[PDB]
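One structure is given below, encoded as structure tokens.
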Number of protein chains: 2
Amino acid sequence: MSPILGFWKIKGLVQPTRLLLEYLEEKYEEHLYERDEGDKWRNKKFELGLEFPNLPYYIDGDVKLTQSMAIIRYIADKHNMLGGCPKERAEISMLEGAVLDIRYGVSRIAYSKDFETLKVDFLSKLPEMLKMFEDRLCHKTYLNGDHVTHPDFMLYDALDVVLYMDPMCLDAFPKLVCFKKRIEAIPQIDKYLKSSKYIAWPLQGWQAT
Amino acid sequence: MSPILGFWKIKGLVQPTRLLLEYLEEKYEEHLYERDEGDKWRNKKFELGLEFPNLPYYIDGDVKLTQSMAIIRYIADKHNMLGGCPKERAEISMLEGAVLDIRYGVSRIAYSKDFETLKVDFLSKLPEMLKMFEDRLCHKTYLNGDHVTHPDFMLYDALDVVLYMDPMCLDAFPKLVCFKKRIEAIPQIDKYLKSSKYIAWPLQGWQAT
Ligand SMILES: N[C@H](CCC(=O)N[C@@H](CS)C(=O)NCC(=O)O)C(=O)O
Ligand SMILES: N[C@H](CCC(=O)N[C@@H](CS)C(=O)NCC(=O)O)C(=O)O
């Protein structure tokens with residue numbers, strides 16, 4: 001059959017994956033659970049055949065995956081986009097785990113209570129990470145070269161997110177602010193963001209702060 | 001030259017990498033910073049040539065990597081151990097991101113203050129993850145088959161850790177308790193754990209709780 005991706009109905013960690021799939025004009029159906037269907041899940045949580053039930057999940061009829069990072073890499077690997085050799089592949093991973101630092105850093109807090117108190121403690125160190133990227137896209141169109149690569153989409157995420165936390169963190173960093181438009185300027189990505197399938201909110205679990 | 005790995009002087013996220021390297025009888029020198037040398041770092045933090053300075057780092061004279069996960073995968077990829085095809089590689093990733101859930105879950109708290117209060121909230125959900133593994137090693141010697149694979153070592157980590165947090169979480173889960181001995185029963189892994197290079201404490205940043 002044609003790919004079946006599932007996860008809640010938000011952005012969390014599936015979005016980067018959404019964008020990528022979309023970017024490759026891939027065919028896929030979505031299983032979305034609401035703010036109240038939190039049990040509709042609890043039921044099929046096993047019925048599916050995942051050796052590691054969790055969210056999001058992906059069934060290829062060729063595979064049954066859990067773990068968000070594993071899902072996106074797969075979709076990638078099925079397009080040569082993972083690498084060419086040890087050196088390059090470990091380079092995207094580096095880029096990968098780099099974009100992560102931001103994102104996870106965004107939730108290791110967002111759910112807690114001292115947000116307004118811990119975000120400050122984050123925002124102090126935020127720019128030191130962001131800039132690193134800046135220097136990357138200085139003489140490059142996308143984090144790796146002329147071709148795209150999932151990390152590009154994963155970054156487009158961290159950014160869209162942070163920019164709700166403080167729409168100024170990117171001024172000092174110009175090239176990044178172009179990377180965003182550059183991405184949002186890919187036909188594919190456009191057709192999506194302007195349609196119905198696009199989830200504009202929330203960024204995490206409805207429960208979050 | 002011969003590989004050069006660096007990180008603080010603890011376990012954190014480098015250990016799984018340590019074990020693996022050791023397992024492959026690889027040659028490598030270690031850059032270890034003490035509890036007070038927290039500035040000895042701050043200096044070379046850039047002097048090195050990492051496009052994404054952070055800890056741990058690895059210089060192959062072929063590459064300069066940051067991001068712990070990227071480092072271990074590399075060492076792996078340089079031994080066919082990463083996969084064979086899309087399906088299998090995304091399977092180790094799944095196993096990968098699975099072992100992660102435990103470990104990170106162990107620090108998203110360990111540093112905070114309500115440990116003794118949040119660990120309970122963790123330990124309630126711990127077994128639901130652990131068991132998943134249990135069912136994996138039921139009819140297998142290691143998380144993937146007869147051959148080893150880095151995730152095996154990453155798990156041997158989560159375990160050695162948790163078992164300081166509550167030495168009973170594994171009783172109900174027998175096969176895992178064998179996996180531990182099974183691992184600690186690899187000549188290589190033995191020669192290490194019983195030597196000087198082995199770091200027995202702490203599991204995280206000295207600062208931690
Ligand atoms: N580290 C994540 C683990 C998943 C996770 O944290 N999932 C959340 C999304 S906010 C979900 O609620 N999980 C389902 C569950 O707890 O059973 C991954 O690789 O997918
Ligand atoms: N997600 C980690 C990022 C690193 C991290 O959290 N590193 C800690 C180890 S406890 C270190 O202190 N980082 C150095 C720094 O902040 O400059 C990775 O992939 O390596």
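Residue names in the structure tokens use chain letters A, B, ... in the order shown, residue numbers from 1 in each chain, and ligand numbers from 1 in the order shown.
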
Who sits within 10 Å of segment 21-31 of chain B, only C-alpha atoms, same chain under 5 positions skipped, as number ranges by chain: B: 1-9, 15-16, 56-58, 60, 72, 75-76, 79, 148, 150, 153, 186-192, 197

Restricting it to N, CA and C atoms, dump the selection as a compact mmCIF listing (two decimals), in the first residue's frame.
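Writing done, so here's again11.txt:
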```
# COMPACT_ATOMS: atom_id res chain seq x y z
N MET B 1 47.21 10.21 11.93
CA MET B 1 47.52 9.75 13.31
C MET B 1 46.47 8.76 13.79
N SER B 2 46.49 8.49 15.09
CA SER B 2 45.54 7.57 15.73
C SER B 2 44.47 8.32 16.52
N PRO B 3 43.19 8.14 16.14
CA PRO B 3 41.99 8.75 16.73
C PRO B 3 42.14 9.45 18.08
N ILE B 4 41.45 10.57 18.21
CA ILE B 4 41.51 11.37 19.42
C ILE B 4 40.12 11.78 19.87
N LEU B 5 39.65 11.15 20.95
CA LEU B 5 38.34 11.43 21.51
C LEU B 5 38.44 12.29 22.75
N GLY B 6 37.53 13.24 22.86
CA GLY B 6 37.51 14.13 23.99
C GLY B 6 36.11 14.36 24.48
N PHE B 7 36.05 14.65 25.77
CA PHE B 7 34.82 14.91 26.50
C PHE B 7 35.23 15.14 27.94
N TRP B 8 34.30 15.48 28.83
CA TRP B 8 34.67 15.64 30.25
C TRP B 8 35.22 14.31 30.74
N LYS B 9 35.33 14.18 32.07
CA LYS B 9 35.82 12.94 32.68
C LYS B 9 34.73 12.33 33.55
N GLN B 15 30.35 7.35 27.25
CA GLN B 15 30.57 5.96 27.67
C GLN B 15 30.15 4.92 26.63
N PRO B 16 28.89 4.99 26.16
CA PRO B 16 28.46 4.02 25.16
C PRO B 16 29.48 3.97 24.03
N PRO B 56 30.77 15.51 23.66
CA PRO B 56 32.15 15.20 23.28
C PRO B 56 32.50 15.49 21.83
N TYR B 57 33.80 15.48 21.55
CA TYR B 57 34.29 15.72 20.21
C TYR B 57 35.22 14.60 19.79
N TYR B 58 35.40 14.47 18.48
CA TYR B 58 36.22 13.41 17.95
C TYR B 58 36.94 13.91 16.71
N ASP B 60 39.46 12.61 13.72
CA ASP B 60 39.97 11.46 12.99
C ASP B 60 41.08 11.87 12.05
N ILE B 72 29.47 8.17 17.68
CA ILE B 72 29.37 6.72 17.83
C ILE B 72 28.92 6.04 16.55
N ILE B 75 32.01 5.81 14.26
CA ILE B 75 32.86 4.69 14.66
C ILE B 75 32.26 3.38 14.20
N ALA B 76 30.93 3.32 14.25
CA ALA B 76 30.19 2.14 13.83
C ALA B 76 30.27 1.97 12.33
N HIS B 79 32.77 0.18 10.20
CA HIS B 79 32.88 -1.25 10.48
C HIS B 79 31.66 -2.02 9.95
N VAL B 148 27.22 -8.23 17.61
CA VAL B 148 26.94 -7.12 18.51
C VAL B 148 26.53 -5.92 17.63
N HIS B 150 26.39 -1.27 18.22
CA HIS B 150 26.42 -0.24 19.26
C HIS B 150 25.23 -0.09 20.19
N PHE B 153 25.67 -1.70 23.43
CA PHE B 153 26.49 -1.03 24.42
C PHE B 153 25.79 0.15 25.04
N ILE B 186 32.31 -10.06 27.75
CA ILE B 186 33.06 -10.00 26.50
C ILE B 186 34.50 -9.69 26.91
N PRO B 187 35.45 -10.56 26.56
CA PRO B 187 36.85 -10.35 26.93
C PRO B 187 37.19 -8.87 26.97
N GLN B 188 37.11 -8.24 25.80
CA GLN B 188 37.38 -6.83 25.63
C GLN B 188 36.77 -6.01 26.76
N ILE B 189 35.45 -5.99 26.82
CA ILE B 189 34.76 -5.24 27.85
C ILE B 189 35.30 -5.55 29.23
N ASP B 190 35.78 -6.77 29.43
CA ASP B 190 36.32 -7.14 30.73
C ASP B 190 37.65 -6.40 30.97
N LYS B 191 38.63 -6.63 30.10
CA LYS B 191 39.93 -5.99 30.22
C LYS B 191 39.81 -4.50 30.55
N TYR B 192 38.77 -3.87 30.04
CA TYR B 192 38.55 -2.45 30.28
C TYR B 192 38.07 -2.24 31.71
N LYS B 197 41.73 3.00 32.78
CA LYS B 197 41.03 3.87 31.83
C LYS B 197 39.55 4.02 32.18
```

Interface residues on chain A facing chain B, 10 Å, only C-alpha atoms, written as a ChimeraX atom specification: /A:50-54,60,62-80,82,85-98,100-101,108-109,129,131-133,135-136

In segment 9-43 of chain A, what's alpha helix (DSSP H) per DSSP? Answer as a ChimeraX atom specification? /A:15-23,38-43

Output file for the selection above: C-alpha atoms, as a tab-separated table (two decimals), in the first residue's frame:
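Resulting contents of out_9.tsv:
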```tsv
chain	number	residue	atom	x	y	z
A	15	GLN	CA	6.74	18.10	11.61
A	16	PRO	CA	10.33	17.96	10.35
A	17	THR	CA	9.28	14.59	8.98
A	18	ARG	CA	6.08	16.01	7.55
A	19	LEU	CA	7.94	18.74	5.67
A	20	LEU	CA	10.49	16.33	4.26
A	21	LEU	CA	7.91	13.83	2.96
A	22	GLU	CA	6.00	16.75	1.42
A	23	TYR	CA	9.21	18.06	-0.13
A	38	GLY	CA	-5.86	10.26	24.18
A	39	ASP	CA	-7.33	6.80	24.70
A	40	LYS	CA	-8.22	6.05	21.11
A	41	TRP	CA	-4.43	5.70	21.13
A	42	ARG	CA	-3.92	3.73	24.33
A	43	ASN	CA	-5.93	0.99	22.60
```

Could you tell me how far atom 15 (C, counted along the ligand's line) of ligand 1 sits from atom CA of residue 127 of chain B, in Å to one decimal place? 13.0 Å

For ligand 1, which residue among B:154, B:199, B:177, B:102 is the nearest when counting only C-alpha atoms and all ligand atoms?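 When distances to ligand 1 are compared using only C-alpha atoms and all ligand atoms, the smallest one comes from B:102.
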
Compare A:48, A:165, A:185, A:55 by their minimum atom-to-atom distance to residue 107 of chain A, counting only C-alpha atoms, and give me the closest one.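 Looking only at the distances to residue 107 of chain A, the closest residue turns out to be A:165.
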
From the options A:126, A:44, A:35, A:120, which residue's atoms come nearest to ligand 2, counting only C-alpha atoms and all ligand atoms? A:126

Residue nearest ligand 2 - candidates A:175, A:194, A:103, A:45, atoms counted: only C-alpha atoms and all ligand atoms: A:103

In Å, rounded to a single decimal, give me how far atom 19 (O, counted along the ligand's line) of ligand 1 is from atom CA of residue 137 of chain B.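 We find that atom CA of residue 137 of chain B and atom 19 (O, counted along the ligand's line) of ligand 1 lie 20.3 Å from each other.
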
Provide the atom CA of residue 167 of chain B to atom CA of residue 119 of chain B distance in Å, to one decimal place.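 Between these atoms lies a distance of 13.8 Å.
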
Best match for closeness to ligand 2 among B:158, B:200, B:10, B:193, counting only C-alpha atoms and all ligand atoms: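 Counting only C-alpha atoms and all ligand atoms, the residue closest to ligand 2 is B:10.
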
Identify all residues of segment 9-161 of chain A in strand (DSSP E) (DSSP on the backbone) and supply them as a list in words.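 Matching residues, listed in order: residues 29, 30, 31, 32, 33, 57, 58, 59, 64 and 65 of chain A.
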
Point out the residue among A:105, A:151, A:84, A:174 with the least atom-to-atom distance to ligand 2, counting only C-alpha atoms and all ligand atoms.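 For ligand 2, the nearest of the given residues is A:105.
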